[PDB]
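Only one chain comes next, encoded as structure tokens, the form deposited in one PDB entry.
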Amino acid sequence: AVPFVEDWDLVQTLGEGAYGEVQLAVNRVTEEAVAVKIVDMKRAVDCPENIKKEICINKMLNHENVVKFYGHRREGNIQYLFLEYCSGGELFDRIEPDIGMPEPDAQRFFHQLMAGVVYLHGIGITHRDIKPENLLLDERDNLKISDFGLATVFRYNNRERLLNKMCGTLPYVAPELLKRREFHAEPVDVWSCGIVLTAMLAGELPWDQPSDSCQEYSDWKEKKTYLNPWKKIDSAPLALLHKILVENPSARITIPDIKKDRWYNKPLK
């Protein structure tokens, strides 16, 4: 990227994954900032096909609560993806450990998260890695869904398909990924949104994983909401969490019903 780096200063690393890093690029003349995701395709034999899929998915996106994708180019074995710079950073860094954030803030971010997820689901895309590290903020603190490296199509025109890949970040993963051979895509993203809401409200993830061998998950199935993180959560958002974090995905609340929830619609301070 020799001509590009002559005109653009790769000022600093914004973040990192396993595939590579995200850099802040600032044009020396215009001072325009863009984020550059740099991926070494030699990290895995299937990395060229996976990055092709991420770019393909990125090209389909156009929504106020999704990070804008500008383009990409390959230079040898390195892939460069150019994205809208989200100067508010990760939602993760608005979460005070063991505290969370004010309830009106968490509600506003949750509404924006639902708008982004409704959009993705409406075009038949599932994110599969919703977590505060993958939710960015722009200069006005509007939430933007980011990192589509695990995203896939679950509906072709008006025909759904089930998914079977165990992927995502384990404390955010729905229990059906650990119990069913195949499962519907939408309830999985609904579940991870519920874990994000829990983290925003109490600054703590509730369990290592929603599995049989996890005591913290058994505690939640047993309605022990007098234990952390639940005891830090007001009854109104907790009632919504009781509908989202439902073990059976067919009984789990859908996004149209989340939009009808009392706390979701609650006028806060």
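Only residues modelled in both forms are compared. Basically, rigid core = biggest C-alpha set you can superpose within 1.5 Å across the two forms. Residue numbers run from 1 along the displayed sequence.
Omitted here: the form deposited in another entry. The next part is about that form.
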TODO: With the core superposed, find the residue in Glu75, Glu182, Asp93, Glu139 that moves its CA 2 Å or more between this form and the one not shown.
DONE: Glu75
Open item on the list: Superposing on the rigid core, is the Cα displacement of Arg28 between this form and the one not shown 2 Å or more?
Closed with: yes
Task: Superposed on the rigid core, segments between this form and the one not shown of at least 3 residues with Cα shifts of 2 Å or more - done: 6-9, 27-31, 73-77
